[PDB]
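Enquirer: Sharing a structure with you now.
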Amino acid sequence: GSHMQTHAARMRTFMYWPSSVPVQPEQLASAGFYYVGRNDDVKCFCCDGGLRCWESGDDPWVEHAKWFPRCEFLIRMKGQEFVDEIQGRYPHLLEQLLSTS
Ligand SMILES: [Zn+2]
């Protein structure tokens with residue numbers, strides 16, 4: 001429950017990635033991108049860790065299920081079904097190490 005989804009924000013993410021979104025923007029709106037993401041590098045709303053990296057006609061969802069450490073927004077039908085499946089495929093989903101001293 002934050003107000004980063006009002007004021008203009010909604011259309012502040014509805015912009016684009018190259019110069020228009022030739023992906024599936026109706027699915028993006030469910031994945032937390034395009035209007036439903038945040039700014040340019042569609043960060044998402046509830047997500048603590050959303051980004052974009054669009055590979056080869058990939059879904060917004062596998063992208064937005066491989067870097068999110070949490071997306072309470074999307075933890076609903078995706079986070080109990082998606083990831084339950086996606087994590088089946090991703091045994092390196094969880095946090096590894098980085099600069100942990
Ligand atoms: Zn998210």
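Starting from 1 in every chain, residues are counted up; chains themselves are A, B, ... following the order of the structure tokens, and ligands are numbered from 1 as listed.
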What do you get as a ChimeraX atom specification if you pick all residues at most 8 Å from ligand 1, counting only C-alpha atoms and all ligand atoms?
Expert: /A:31-32,37,43-50,64,68,70-74
Enquirer: Compile a residue-level contact table for stretch 16-67 of chain A against stretch 77-93 of chain A at a cut-off of 10 Å, reporting for every qualifying residue the shortest atom pair and its distance in Å to one decimal, with only C-alpha atoms counted, rows ordered by chain and ascending number, as CSV.
Expert:
residue,atom,partner,partner_atom,distance
A:30,CA,A:78,CA,9.8
A:31,CA,A:78,CA,9.0
A:61,CA,A:82,CA,8.8
A:62,CA,A:86,CA,7.5
A:65,CA,A:83,CA,6.8
A:66,CA,A:93,CA,6.7
A:67,CA,A:93,CA,8.0
Enquirer: Assign secondary structure with DSSP using the backbone only, and return the residues of stretch 7-66 of chain A in alpha helix (DSSP H) as a PyMOL selection string.
Expert: chain A and resi 9-12+25-31+60-63
Enquirer: Would you list the contacts of residue A:41 as a list in words, taking every protein, DNA or RNA residue within 9 Å and counting only C-alpha atoms, but skipping same-chain residues closer than 4 positions in sequence?
Expert: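 Close residues of residue A:41: residues 13, 17, 33, 37, 50, 51, 52 and 53 of chain A.
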Enquirer: Selected residues, N, CA, C and O atoms, written as an mmCIF file, in the first residue's frame, please.
Expert:
data_model
loop_
_atom_site.group_PDB
_atom_site.id
_atom_site.type_symbol
_atom_site.label_atom_id
_atom_site.label_comp_id
_atom_site.auth_asym_id
_atom_site.auth_seq_id
_atom_site.Cartn_x
_atom_site.Cartn_y
_atom_site.Cartn_z
ATOM 1 N N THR A 13 5.323 4.357 -16.573
ATOM 2 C CA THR A 13 5.968 3.077 -16.803
ATOM 3 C C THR A 13 5.398 2.484 -18.070
ATOM 4 O O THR A 13 5.846 1.464 -18.581
ATOM 5 N N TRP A 17 10.667 0.271 -23.806
ATOM 6 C CA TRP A 17 11.975 -0.279 -23.615
ATOM 7 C C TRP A 17 13.037 -0.061 -24.663
ATOM 8 O O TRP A 17 14.215 0.018 -24.257
ATOM 9 N N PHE A 33 5.147 -4.707 -15.302
ATOM 10 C CA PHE A 33 5.914 -3.960 -16.235
ATOM 11 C C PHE A 33 4.797 -3.331 -16.949
ATOM 12 O O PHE A 33 3.693 -3.859 -16.886
ATOM 13 N N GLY A 37 4.907 -1.573 -13.927
ATOM 14 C CA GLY A 37 6.256 -1.489 -13.412
ATOM 15 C C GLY A 37 6.528 -0.108 -12.890
ATOM 16 O O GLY A 37 5.614 0.605 -12.502
ATOM 17 N N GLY A 50 12.907 -5.843 -8.968
ATOM 18 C CA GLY A 50 12.540 -6.028 -10.367
ATOM 19 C C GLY A 50 13.471 -5.259 -11.276
ATOM 20 O O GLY A 50 13.971 -4.205 -10.877
ATOM 21 N N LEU A 51 13.733 -5.781 -12.503
ATOM 22 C CA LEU A 51 14.577 -5.206 -13.533
ATOM 23 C C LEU A 51 13.943 -5.690 -14.828
ATOM 24 O O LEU A 51 12.820 -6.198 -14.785
ATOM 25 N N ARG A 52 14.640 -5.586 -15.994
ATOM 26 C CA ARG A 52 14.184 -6.024 -17.303
ATOM 27 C C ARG A 52 15.452 -6.410 -18.015
ATOM 28 O O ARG A 52 16.480 -5.811 -17.708
ATOM 29 N N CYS A 53 15.446 -7.401 -18.945
ATOM 30 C CA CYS A 53 16.666 -7.780 -19.639
ATOM 31 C C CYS A 53 16.363 -8.443 -20.980
ATOM 32 O O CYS A 53 17.292 -8.818 -21.700
#
Enquirer: Using only C-alpha atoms for the distances, tell me which of A:100, A:69, A:75, A:58 is nearest to residue A:27.
Expert: A:58
Enquirer: Rounded to one decimal place, report the atom CA of residue A:21-atom CA of residue A:38 distance in Å.
Expert: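 For atom CA of residue A:21 relative to atom CA of residue A:38, the distance reads 14.9 Å.
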Enquirer: Nearest to residue A:6: which of A:36, A:95, A:101, A:19 is it, counting only C-alpha atoms?
Expert: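 Closest residue, counting only C-alpha atoms: A:36.
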